[PDB]
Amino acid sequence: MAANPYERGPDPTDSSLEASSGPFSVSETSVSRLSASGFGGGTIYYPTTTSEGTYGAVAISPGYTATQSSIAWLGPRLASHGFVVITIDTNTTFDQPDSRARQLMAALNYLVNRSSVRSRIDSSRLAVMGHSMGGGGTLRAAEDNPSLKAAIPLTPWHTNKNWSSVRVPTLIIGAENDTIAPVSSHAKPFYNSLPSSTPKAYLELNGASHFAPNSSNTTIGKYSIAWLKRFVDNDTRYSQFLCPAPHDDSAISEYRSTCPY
């Protein structure tokens, strides 16, 4: 048995992470707006199998004026690698980022305590993600809830630029040609303010618009999966994608250098 009891699925490859689906078949259920205390409802995507143990859970928020359909593809994509994922609707489509932060946490509370799939979740291993204002809410949720295992803001928007108290491993994905949340005034200031003592990464999508996260995207899927695996599951098999090095080659037992050059 692996030393890490949270490892799920076979050893990853670039190919397996760029594929449309991971190794786990995915089921889905929903929670109504009425039943969702503190948020607007959502769709829950979960691995059908339970035979390898419980999974971490992820709540995902859409952005301003948007609904679940703008983030729906992430549900099956991420759940098929071994996560329980809820794509939420917000109380109103005009909710601001700090409101969306509270709703992300309310959705995780629902999943862990009241959902029909709560028995498939390890409640000690939770994460937040979101698009646009939902990505701003992801940063605020991470700042206010340091027990979270990971946070992934996608083309985030927020008026607060200072996230120097965030102690949750955070991957920010920006869009090079974003004109709605320009990376020069949102994503990059956010990343630069994060403490260097917090595990973090900034990934910028070449040529991309603000709406790249709303359609199936091989790059977003690959690095989102690797981030959640590495930090929600403590799965160091995924370090190779986040921190590539020649020693990832099976022919190379050690590689040291004064890179970059």
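Numbers follow the displayed sequence, beginning with 1.
Visitor: Which wins on mean Cα temperature factor, 80-88 or 110-118?
Guide: Mean CA B-factor is higher for 110-118.
Visitor: Can you let me know which of the two, 148-156 or 95-103, has the higher average C-alpha B-factor in the entry?
Guide: The stretch with the larger average C-alpha B-factor is 95-103.
Visitor: If you compare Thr198, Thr236, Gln68, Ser224, which has the highest Cα B-factor in the entry?
Guide: It is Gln68.
Visitor: Considering only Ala59, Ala212, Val232, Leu203, which residue's Cα atom bears the greatest B-factor as recorded?
Guide: Answer, based on the entry's C-alpha B-factors: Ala212.
Visitor: Would the CA B-factor of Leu228 place it in the lowest, middle or highest third of its chain?
Guide: Lowest third - that is where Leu228 ends up once the chain's C-alpha B-factors are sorted.
Visitor: Taking the C-alpha B-factors as the PDB entry records them, is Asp11 in the lowest, middle or highest third of its chain?
Guide: According to the entry, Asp11 has a C-alpha B-factor in the chain's lowest third.
Visitor: For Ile173, does the deposited CA B-factor place it in the lowest, middle or highest third of the chain?
Guide: It belongs to the lowest third of the chain when residues are ordered by C-alpha B-factor.
Visitor: How does the C-alpha B factor of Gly134 compare with the rest of the chain: lowest, middle or highest third?
Guide: For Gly134, whose C-alpha B-factor we compare with every modelled residue in the chain, the answer is the middle third.
Visitor: Based on the entry's values, in what third of the chain does the Cα temperature factor of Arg125 lie: lowest, middle or highest?
Guide: For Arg125, the deposited C-alpha B-factor lands in the lowest third.
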